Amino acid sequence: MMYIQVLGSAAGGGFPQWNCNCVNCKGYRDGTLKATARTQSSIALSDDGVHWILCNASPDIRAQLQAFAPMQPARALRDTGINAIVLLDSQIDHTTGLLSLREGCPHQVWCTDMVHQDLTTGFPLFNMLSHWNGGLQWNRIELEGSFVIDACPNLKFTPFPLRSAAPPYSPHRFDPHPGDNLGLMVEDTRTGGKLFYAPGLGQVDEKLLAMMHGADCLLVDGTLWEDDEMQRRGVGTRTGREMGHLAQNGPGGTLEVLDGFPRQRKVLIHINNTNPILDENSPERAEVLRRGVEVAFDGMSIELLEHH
């Protein structure tokens, strides 16, 4: 059994975003919209339900850990359910949470060379936190092969490079390298059950589709409904293809991609505050439900029993 816990399901900024008064964020505050608040994307994995692996550490991490009981087993005066942390990129929304975990250092952190470089230069988390009882102990994620964290020995992670979208602070935002962004394939080596996790998805080729058909659950990018969604809300100028996000609707959309996977469980995660799928009375939400696609939410439990 693989326990998957959605701690956060919103894109950077959360929902509602602190400075946004779009139809969703204002509709939530005014109470004229059936929607649920969401923290920034983060999931937790376990093979036993006691030892947990954190995938990305959001700025909302303190609230995310409180809301989930197994994170505090109370086995000692100082304790936590987090046994390791895996980083998919060096983005602010996925790494800032590490600052809030300074009291429980050291931590085993799994990231790539490129992420480790960003987190030792532009955003030197590894250098800052080292002053807290050991800090972050880096475990390299090589772009090939697989890795197993000793706390969840039945979990097999097989990373794959996705199209690079390096953070703005990054020394090489203008010079993208493989290793800037990862999608994860987690396998329960007891059952063969596979999870395809890719909150940041901006390009999908035929070799990516190949391994997706070997998965049982697809947990992927759901940031935007339209590529120009930020303009249609009048809160931004950036498009999904600029930010490296494949929108649900349109040609080469996620809904077009996911349509070739009728046998897999399909969940949209990392959802921006402007996305109408957050509105449960929205026709967009209807089309998503109609296609057998779920909209992740804070507190969602995904249990992986077996392979099909």
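In this text, the rigid core denotes the largest set of C-alpha atoms whose superposition between the two forms falls within 1.5 Å. So that there is no doubt, residue numbering starts at 1 and follows the sequence shown.
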{"item": "Positional deviation of Cα atoms in 5 other deposited structures of this protein after core superposition, greater for 94-102 or 167-175", "value": "167-175"}
{"item": "Of 46-54 and 253-261, the stretch whose C-alpha atoms average the higher B-factor in the entry", "value": "253-261"}
{"item": "Higher-B stretch (mean Cα B-factor, as the entry records it), 234-242 or 101-109", "value": "234-242"}
{"item": "Residue, from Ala37, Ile269, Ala63, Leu33, that the PDB entry assigns the highest Cα B-factor", "value": "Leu33"}
{"item": "From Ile92, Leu87, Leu119, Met211, residue of greatest CA B-factor", "value": "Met211"}
{"item": "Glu142 - which third its CA temperature factor falls in, relative to the rest of the chain", "value": "middle"}
{"item": "Relative C-alpha B-factor of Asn273, binned into the chain's lowest, middle or highest third", "value": "lowest"}
{"item": "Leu304, C-alpha B-factor rank within chain (lowest, middle or highest third)", "value": "highest"}
{"item": "Third of the chain, ranked by Cα B-factor, where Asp79 sits", "value": "lowest"}
{"item": "Assigned third (lowest, middle, highest) for the C-alpha B factor of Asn127", "value": "middle"}
